[PDB]
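Visitor: Below you'll find the structure I mean.
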Amino acid sequence: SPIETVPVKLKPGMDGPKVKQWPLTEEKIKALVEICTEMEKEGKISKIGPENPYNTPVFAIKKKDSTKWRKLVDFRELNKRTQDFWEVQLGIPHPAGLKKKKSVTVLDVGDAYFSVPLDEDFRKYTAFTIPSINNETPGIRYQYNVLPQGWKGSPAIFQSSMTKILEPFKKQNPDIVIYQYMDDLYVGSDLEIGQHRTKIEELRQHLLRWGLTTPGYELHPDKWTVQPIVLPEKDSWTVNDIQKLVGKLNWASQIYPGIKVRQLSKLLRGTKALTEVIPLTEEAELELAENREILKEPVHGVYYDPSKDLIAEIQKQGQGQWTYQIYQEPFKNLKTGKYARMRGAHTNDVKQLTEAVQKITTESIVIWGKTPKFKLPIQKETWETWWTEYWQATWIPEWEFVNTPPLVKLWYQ
Amino acid sequence: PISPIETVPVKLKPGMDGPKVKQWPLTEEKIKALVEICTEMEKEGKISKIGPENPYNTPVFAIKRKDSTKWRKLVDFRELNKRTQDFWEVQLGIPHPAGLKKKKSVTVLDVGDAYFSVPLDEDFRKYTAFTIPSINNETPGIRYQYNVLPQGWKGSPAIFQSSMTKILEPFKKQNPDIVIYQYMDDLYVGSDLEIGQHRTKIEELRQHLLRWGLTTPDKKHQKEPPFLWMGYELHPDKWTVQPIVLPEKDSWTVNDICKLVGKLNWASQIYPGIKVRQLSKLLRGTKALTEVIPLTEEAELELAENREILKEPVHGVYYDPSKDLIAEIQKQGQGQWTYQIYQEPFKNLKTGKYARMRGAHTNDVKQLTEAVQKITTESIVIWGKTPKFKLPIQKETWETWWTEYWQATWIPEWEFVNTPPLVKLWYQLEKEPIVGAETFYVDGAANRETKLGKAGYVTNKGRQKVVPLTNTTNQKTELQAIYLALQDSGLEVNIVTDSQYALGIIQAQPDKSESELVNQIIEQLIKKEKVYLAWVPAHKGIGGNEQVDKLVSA
DNA sequence: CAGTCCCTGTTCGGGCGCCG
DNA sequence: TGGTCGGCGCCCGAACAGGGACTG
Ligand SMILES: C[C@H](Cn1cnc2c(N)ncnc21)OCP(=O)(O)OP(=O)(O)OP(=O)(O)O
Ligand SMILES: [Mg+2]
Ligand SMILES: [Mg+2]
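Below, the structure written as structure tokens:
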């Protein structure tokens, strides 16, 4: 039975994942269970017991009014422990050709990894447990025999095979760039939606009569600018009205070591009435339009070092106003932007915050070949409570929570 | 007897050996019963004698059960446990009577010599070696080892629950319409069958179990309403907890207070409005759980109030999936809250409290959401659903806080319940300077190594002040300072600051803090009819800034 | 930069309750 | 005399953590 289940090992002296399963919904467990039932009747998973001390949380989520549930596992804690197996030994070359792509299209193919018997000596790590409503029964467990979706190695071990599956359509359309992250596969071109879409329809007929099966959806992150750090446009300035533009530009200075202060700082050297109006002199009045130019001139100190992880910061402004700060170093913002609620029914805070973590992450991948490490503006318990509700990316960025006051939002606001 | 189910494979922590501790002496009473048990166990095959060739041994003992001529043979496998591999606990929590749906027929079975029916893997047995002492203190104690899950071993629980499911699996699979709440060896079998047809299925189950090595002797509740299950009393249309007696005593020690709060916490699932903040608070000074502690008035009371609630009899109803799930919360004062989850008014399924003070500077809306959280999670756990809420907070007060809070906060579908105390922001902050208002430039500081420091302000209409603080710190000053600029101002003020530690605390509209100073800063803020607080960078010489620091920098 | 302070969050463990 | 195990809840302290403010 000459198959080729590549061996895999965890980094030096590092135990496997041992995280607890978290509460699900009737609707989610009924699905997660109808799924596993099938997944096992085809030996992709195998019931296992207490003796296996590793665990990973899991659940499902619906997608695109397709009303088709899809399992998902938070392998994050594993991917961090599954050795450089996917880093130092099997990396992925930055296909920067994507950034520029007129029209990219994301397509989930991982539904194929389920055809690649996984190293048995490692399966014991893919352990996950389904729970019961009101706790009527103990946790039914499982393991993986094939490749686990949403895992780091899972796309790696397979890319060797993928590539070859692509040479036909990939050598006959070299213009198009094709990238693979986790379970998803990105296809960037330049043709107009009329034909560009009709072409993706061909990649399909190629991949289905080759095994794979995949059930606006497009993207062009570059065809949308980083929105600059704008300033006010008034013709009368109060004491605080100024003290603001000051303190703001004071910190907005670290993003530009060259940004004038004194000319607008001079205007007050005594305890003045905040309400008091005190227009400006032509020099400081020229500064407002000068320091104002440095805010159209892209920062200088940015180098995408793949050697470190992309962090990210986010702000909650007003009426669906959220902002991006993707950076690897403090003040060294490699890229920023925003996300507002669309002309559809109004959603809530968290539903958005999440969408505003998926979008920022989707870009992040196309622009750097990886995902950030979001610093979140929500309360853990709150986040951990509803997030799984409004998610649909078949991956999961790492994240942390931070509670920090604003006025430092004035800058992106 | 003993079951044919597949034994579970067990290893030891890499490079470790078995236990070898000696049998610390036991009474002549226990021994009389251990040898009485072992004889039966050995005769039955649950254990076997062992000779010199077995180099291990662990100490054992026995306990008496509630109203039982019966003893419980235990083993002090504390040592082995460490040396044993670790498992993944399969039990994820506990069932709640208020999650059971109303059934037409209910039964409760309890497997006998549960653990002792499931085999222990052939190779691990060597370690389960123990010795039964001789009382005439002569004959070398008899040595045996386990052939079934020994009581007190780190893994038996997970193995038993695991095997149990595996055993029930086929039955469950062929009788999908029959519910079977299993918890260890306890089985609650629910059905929507008539007495007749259900009692037949309850028989088939029993036989299947027996056939699979599991006995269901008559400790089997039948036309037993009220059934005794999980520490409750299950009646045809209501359920309730069992007699939950508190201790009435003279002087209280710490473990006493522990027991009290423990039980009270346990009663809070059905008896509404139990509260423990003051009784617990009485346990901050870490000490001997034998050390006598004096009760505070604020606790003496809440004890007695509680003690009262526990007198009126109460109960809860079962779940009806065809109806909506409602949960209402009420403010019980000083951080505490109480809630109940019902479906039909006054007939609630469960009740509960929330008294965690997350933070050092928060308000009652922060807490109110902290609770809506707990109640969702919890409610999902039991019903796998999320409640519709009824809240003591204006449908506006809310649209105010979230639309103005820097953090995304959320509440599920909910409606207002005008049933005060009501929840509300005790004050707001003008987010725009206030005309004709003495604008105060405030600041302060203190010396790192020395004792004191100080803080003060200045006005835009000509006014100066400063105060000599003591043992303060870089932060204890900015605040201590904004404190004066309040009393030393009036209905309308405009304070300015360069510190963020203080602008941050205050911008959250906090109405409750751990520090006395903060509270005073709030109290005052409530009295004013207009206040504004803007921030400006420290040590960047800004109009009005430097003067203040000077007056203090000394 | 360090070397510290404050300050605020978070995790972990322990004690008790309840269940088997 | 007392002494065991697993799950979950509560509460408390201890131990970390991370920022901002100063100082060397
Ligand atoms: C061993 C299992 C769980 N268990 C119950 N109590 C304990 C304890 N104190 N220590 C360890 N495990 C415990 O007991 C189930 P239990 O029902 O309490 O006892 P049993 O051995 O099944 O015998 P019987 O049916 O006649 O009542
Ligand atoms: Mg029993
Ligand atoms: Mg200051």
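One line per chain: the protein sequences are B and A, in this order. With the entry's author numbering applied, the first sequence covers 3 to 217, 231 to 428. End of the second sequence sits at 554 in the entry's author numbering; the numbers just go up one at a time, nothing left out. Backbone N, C-alpha and C fix where the C-beta goes; we use that ideal spot for every residue, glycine too.
1. Is it right to say residue 224/A is buried, meaning 16 or more other beta carbons lie within 10 angstroms of its own, or is it exposed?
2. Among 153/B, 95/B, 217/B, 14/B, which residue has its Cα nearest to the Cα of residue 111/B?
3. Start and end of the beta strand (DSSP E) containing residue 191/A?
4. Starting from residue 48/A, trace the beta strand (DSSP E) both ways and give me its first and last residue.
5. Less than 8 angstroms separating the beta-carbons of residue 414/A and residue 391/A?
6. Which residues of the stretch 517-542 of chain A have a Cβ closer than 9 angstroms to any Cβ of chain B? Give them in chain order.
7. Name the chain A residues that come within less than 7 angstroms of residue 28/B, Cβ to Cβ?
8. For residue 56/B, return the contacting residues in chain A, with the cut-off set at a CB-CB distance below 9 angstroms.
9. Residue 495/A and residue 533/A: beta carbons closer than 8 angstroms?
10. Measure the alpha-carbon distance for residue 207/B versus residue 51/B and round it to whole angstroms.
11. Which one of 307/B, 253/B, 281/B has the shortest CA to CA distance from residue 290/B?
12. Give every residue whose Cβ lies closer than 6 angstroms to any heavy atom of ligand 3, listed in chain order.
13. Using only the heavy atoms of ligand 5, determine whether one of them is closer than 7 angstroms to the beta carbon of residue 185/A.
14. For the stretch 459-468 of chain A against the stretch 313-325 of chain B, are there 3 or more C-beta pairs whose distance is under 8 angstroms?
15. Output, in chain order, the set of chain B residues within a Cβ distance shorter than 7 angstroms of residue 158/A.
16. Identify, in the order they occur along the chain, each residue of the same chain with its Cβ nearer than 8 angstroms to the Cβ of residue 393/A, setting aside the five sequence neighbours on each side.
17. For a test of the three-state rule: what should DSSP assign to residue 96/B, helix, strand or coil?
18. Does the CB of residue 141/B have a neighbour CB from chain A at under 8 angstroms?
19. Please classify residue 38/A: is it buried, with 16 or more other beta-carbons within 10 angstroms of its beta-carbon, or exposed?
20. Among 89/A, 320/A, 407/A, 450/A, which has the Cα closest to the Cα of residue 344/A?
21. Could you name the residues of the same chain whose beta carbon sits closer than 7 angstroms to that of residue 222/A, not counting the 5 residues immediately before and after it, in chain order?
22. With 16 as the cutoff for other CB atoms within 10 Å, does residue 152/A come out buried or exposed?
23. Using a Cβ cut-off of 7 angstroms, which residues of the stretch 502-516 of chain A contact any Cβ in chain B, in chain order?
24. So, does the CB of residue 181/A fall closer than 8 angstroms to a CB anywhere in chain B?
25. Starting from residue 72/A, trace the beta strand (DSSP E) both ways and give me its first and last residue.
26. Does DSSP classify residue 101/A as helix, strand or coil?
27. Quick one, are the C-beta atoms of residue 272/A and residue 326/A less than 8 angstroms apart?
28. Taking the alpha carbon of residue 11/B as the reference point, which residue from 74/B, 109/B, 120/B has its own alpha carbon closest?
29. Mind pulling the beta strand (DSSP E) runs of 3 or more residues that sit fully within the stretch 381-417 of chain A?
30. Using a C-beta cutoff of 8 angstroms, does residue 408/A count as contacting chain B?
31. Is there a Cβ of chain A sitting closer than 8 angstroms to that of residue 331/B, yes or no?
32. Can you pull the chain A neighbours of residue 81/B, defined as C-beta to C-beta under 7 angstroms?
33. Just to check, is the beta-carbon of residue 112/A closer than 7 angstroms to a non-hydrogen atom of ligand 2?
34. Nearest chain A C-beta to residue 246/B closer than 8 angstroms, yes or no?
35. Just checking residue 188/A against ligand 1 - is the residue's beta carbon closer than 7 angstroms to any of the ligand's heavy atoms?
36. Between the stretch 379-388 of chain B and the stretch 154-165 of chain B, do at least 3 Cβ pairs fall closer than 8 angstroms?
Guide: On the basis of the data shown:
1. Of the other Cβ atoms in all chains shown, fewer than 16 fall within 10 Å of the Cβ of residue 224/A; this residue is therefore exposed.
2. Selected option, being the one with the closest Cα: 217/B.
3. Start and end: 186-191.
4. If you look at residue 48/A, you'll find it in the beta strand (DSSP E) that goes 47-49.
5. In this structure, residue 414/A places its C-beta atom within 8 angstroms of the C-beta atom of residue 391/A.
6. Taking 9 angstroms as the cut-off between beta carbons, the residues of the stretch 517-542 of chain A near chain B are 532, 534, 535, 536, 537, 540, 541, 542, in sequence order.
7. Within 7 angstroms Cβ-Cβ: 384, 385.
8. Those within 9 angstroms of residue 56/B in chain A are 88.
9. Against a cut-off of 8 angstroms, the Cβ pair of residue 533/A and residue 495/A comes out as a contact.
10. Taking the straight line joining both Cα atoms gives about 41 angstroms.
11. Out of 307/B, 253/B, 281/B, 253/B has the C-alpha closest to the C-alpha of residue 290/B.
12. Per the CB criterion, closer than 6 angstroms to any heavy atom of ligand 3, the qualifying residues run in chain order as 443/A, 478/A, 498/A, 499/A, 538/A.
13. Among the ligands modelled here, namely ligand 1, ligand 2 and ligand 3, ligand 5 does not occur.
14. Contact between the stretch 459-468 of chain A and the stretch 313-325 of chain B is absent: fewer than 3 CB-CB pairs across the two stretches fall below 8 angstroms.
15. Those within 7 angstroms of residue 158/A in chain B are 52.
16. Excluding positions up to five away in sequence, the list reads 365, 368, 416, 422, 423, 424.
17. DSSP places residue 96/B in coil when its eight states are reduced to three.
18. Yes, contact with chain A.
19. For residue 38/A, the number of other beta carbons within 10 angstroms of its own is at least 16, and it is reported as buried.
20. Checking every option, the nearest Cα to that of residue 344/A belongs to 320/A.
21. 107, listed in sequence order.
22. Around the beta-carbon of residue 152/A, 16 or more other beta-carbon atoms lie within 10 Å, marking it buried.
23. So the close ones are 503, 504, 507.
24. Yes, contact with chain B.
25. Run containing residue 72/A: 71-75, per the beta strand (DSSP E) assignment.
26. Correct three-state label for residue 101/A: strand.
27. At a Cβ-Cβ threshold of 8 angstroms, residue 272/A and residue 326/A do not count as neighbours.
28. Sorting 74/B, 109/B, 120/B by C-alpha distance to the C-alpha of residue 11/B places 120/B at the top.
29. Fully enclosed beta strand (DSSP E) runs of no fewer than 3 residues occupy 388-391, 414-416 of the stretch 381-417 of chain A, in order along the chain.
30. The Cβ of residue 408/A sits closer than 8 angstroms to at least one Cβ of chain B.
31. Chain A, which has a Cβ nearer than 8 angstroms to the Cβ of residue 331/B, makes this yes.
32. What residue 81/B touches in chain A: nothing, since even the nearest Cβ is about 20 angstroms away.
33. At least one heavy atom of ligand 2 lies less than 7 angstroms from the C-beta of residue 112/A.
34. Nearest CB-CB separation between residue 246/B and chain A: not below the 8 angstroms threshold.
35. Residue 188/A: no, Cβ never under 7 angstroms from ligand 1.
36. Between the stretch 379-388 of chain B and the stretch 154-165 of chain B there are fewer than three C-beta pairs closer than 8 angstroms, too few to call the two in contact.
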